[PDB]
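Have a look at the structure below before the remarks.
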Amino acid sequence: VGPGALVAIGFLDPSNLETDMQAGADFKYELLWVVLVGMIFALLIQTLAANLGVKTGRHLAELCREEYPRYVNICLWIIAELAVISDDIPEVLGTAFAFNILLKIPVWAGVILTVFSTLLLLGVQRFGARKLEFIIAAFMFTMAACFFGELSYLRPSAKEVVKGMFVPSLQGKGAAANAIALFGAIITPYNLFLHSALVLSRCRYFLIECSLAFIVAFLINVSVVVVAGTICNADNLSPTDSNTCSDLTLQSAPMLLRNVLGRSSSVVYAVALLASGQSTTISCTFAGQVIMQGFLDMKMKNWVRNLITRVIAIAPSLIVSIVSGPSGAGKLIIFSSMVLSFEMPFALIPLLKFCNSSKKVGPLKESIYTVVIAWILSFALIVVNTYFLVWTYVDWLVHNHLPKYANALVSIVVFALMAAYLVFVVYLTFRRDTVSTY
Amino acid sequence: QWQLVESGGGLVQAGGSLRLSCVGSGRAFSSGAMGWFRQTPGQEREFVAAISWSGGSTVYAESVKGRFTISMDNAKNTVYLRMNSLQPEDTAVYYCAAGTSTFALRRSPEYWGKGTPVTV
Ligand SMILES: CCCCCCCCCCCC(=O)OC[C@H](COP(=O)(O)OCC[N+](C)(C)C)OC(=O)CCCCCCCCCCC
């Protein structure tokens, strides 16, 4: 008898595994706080979304379309579609890596096989409903057992872990990139559009269960970060271990669990990865359907939407795998998480605005403290994103670009795009678009 | 041009206090980590120190800790290593190195340097 949840499954995508492995292998227990803040954020926002439904009976998508003009709503839909595609790129890459580990076929073979097997997975999901729940619970239990055993064998320094987890510090540009990647992979803005739908059907105990699921997911994520950080860094390593830790794709993870599985970790880890990727795709299909059916009301079959998303995701993932090997796929997973974090504000600002706005939410209002905390966190996230973007662009421009004829054009284009992004965020933030009500 | 150029060290007697400066240009190194490595006449390269852009991240080598103070000037994009209480065991060629974080530089430095000999 286990009252499991699907939120932790969405928090254990291959994107989360890749971002956690990178954070642990590049900054030891330095970005643990991002996992603590992100989760604390990711839960809080979700709560608001759920509460919105209970107070309105309509998804965030319907309200966003109703209270905004045609062009703003179209741009929001484009942002949501980009968010779903960026989420679905890691699933394809995760499953391709699982196939590479298991059947010893190249990564592009994995991506092609995942495109072929999306239909079979959809059919299986249609056939069984509790079997999927048991599969996700068993996968979560396997990941928890494997990583907790690995952690116990490792025995890291508790003082250093606490100092890294409760003392935020983005010590370096690379740390900023990995912190943004972790925020993207944990916050996952598109899920808001999905989560509201989960309450369209019709809570201290429900909140307690959600908090338990989130605590399990956060414990697993912290365990992955700590295990990667301790094993990759340690004090003395074999040259092979250092070379594997340098890149550390999603297919070199088996090196992590070798202590607690004994050279048999390849099969178990590949199975865990494949199950996690497939389950994340299953969950995100509903989110894509809800986005499509809310932002424009254009009804689309779930299987058709899933096929379109998987093809659009395979295009770039397959191109990257062909041009670059597993390291390229890892870079693409991190980039997809970064894009998710970057475009989270567009799907988060309307939620907070509608929660505050008494007109749309009616007499019922969310707790002022939670709304203020969410607003402050969202503003901090936007500022960190903009600072990292300006940082990387400036460093590229100052000395990394040789030509000068196109330097002015590139600078103008980048400044125009950044100004448009900031102007859109400011329009959505310090401006009221309220021409409706409950 | 893009390069890293260690400068200093020379030769000292003991408690050398030698203050080695690594200057990097052409790739904007002072955003991840800018650390050092050492290699004795016959041996493999070893970690000596590192520092991140934030300023407090210095991770040292258990062989030498509390004697080397590493500071980073971001604006000039330079990494300074102060060696105090020097000893014969530290005789070696020192290589500046730059990475993507103060721990990745611990293992695989993206960019290396020619290095300078420090003899006691
Ligand atoms: C929304 C406004 C966006 C407008 C675009 C402005 C940013 C342009 C940055 C130039 C990148 C560059 O020049 O490359 C610099 C870095 C280098 O990284 P590296 O790992 O060291 O690879 C190079 C390895 N070397 C060193 C050996 C050569 O690239 C990156 O780290 C990835 C940048 C991700 C930025 C997020 C992109 C998503 C933007 C869209 C969000 C909606």
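Read-outs throughout are calculated quantities, based only on the coordinates presented, and are distinct from any laboratory measurement. Counting neighbours? That spans all protein chains shown, and the Cβs are built from the backbone with ideal geometry, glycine included.
Computed over the protein assembly as shown, the per-residue total of -39500 (n - 2.57) for DSSP H runs of n ≥ 4 gives a 222 nm mean residue ellipticity of -21500 deg cm²/dmol, rounded to 500.
Using only the C-alpha atoms, the convex hull of the range B:3-118 corresponds to 87 Å³ per residue. The phi-based Karplus calculation (6.51 cos²θ - 1.76 cosθ + 1.60; θ = phi - 60°) puts the 3J(HN,Hα) values of the range B:45-52 at 4, 10, 6, 10, 4, 7, 7, 8 Hz, whole numbers, x for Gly and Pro. Less than 5 angstrom separates the built amide H of B:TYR111 from those of B:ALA98, all sequence-distant by 5 or more or on a different chain. In the range A:109-262, the inverse of the mean reciprocal separation of distinct Cα atoms equals 19.0 Å; this is its Kirkwood hydrodynamic radius.
Here is the list for the range A:355-438: trypsin sites (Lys or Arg not before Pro) lying in DSSP coil, each with at most 11 other C-beta atoms within 10 angstrom of its C-beta, are A:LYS404, A:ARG431, A:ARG432. Of interest is the spacing of the C-alpha centroids, which for the range A:376-399 and the range A:16-46 amounts to 19 Å.
Partner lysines whose Cα lies under 22 Å from the Cα of B:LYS114, excluding those fewer than 8 positions away in the same chain, are identified as B:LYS76. Our summary gives the range A:209-336 a relative contact order of 20 percent, counting only alpha carbon pairs under 8 angstrom and 6 or more residues apart. For chain A, how big is the tail of P(r) above 32 Å, as a whole percent of Cα pairs? Above the 32 Å cut-off, chain A has 36 percent of its Cα pairs. Each of A:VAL394 and A:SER367 was given a label point 7 Å from its Cα along the Cα-to-Cβ line. The distance between the two points is 3.9 nm. Taken about its Cα centre, chain A carries a charge dipole of about 860 debye when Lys and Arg each add +1 at the Cβ and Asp and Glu each add -1 at the Cβ.
Reported to the nearest whole Å, the Cα centre-to-centre distance from the range A:78-105 to the range B:18-69 is 38. Straight-distance candidates among the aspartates and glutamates for linking to A:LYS360, with alpha-carbon spacing under 15 Å and chain neighbours fewer than 8 residues away dropped: A:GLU62, A:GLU66, A:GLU67, A:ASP433. Applying the Karplus relation 6.51 cos²θ - 1.76 cosθ + 1.60 with θ = phi - 60° to the range A:176-190 yields 3J(HN,Hα) values of 4, 4, 6, 5, 5, 4, 5, 4, x, 6, 9, 5, 6, x, 4 Hz, where x marks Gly and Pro. Ordering A:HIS399, A:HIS195 from the fewest to the most neighbouring beta carbons within 10 Å gives A:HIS399, A:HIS195.
Only counting other Cβ atoms within 10 Å, I'd like A:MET298, A:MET418, A:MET165, A:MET338 sorted with the fewest neighbours first.
Details: A:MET298 9, A:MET418 14, A:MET165 20, A:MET338 23.
So the ranking, lowest neighbour count to highest, is A:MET298, A:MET418, A:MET165, A:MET338.
Restricting the trypsin sites (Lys or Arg not before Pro) of the range B:85-120 to loop positions (DSSP other than H, G, I, E, B) with no more than 15 neighbouring Cβ atoms within 10 Å leaves B:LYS114. When Rg and the Kirkwood radius Rh are both evaluated on Cα atoms of the range A:208-259, their ratio Rg/Rh stands at 1.13.
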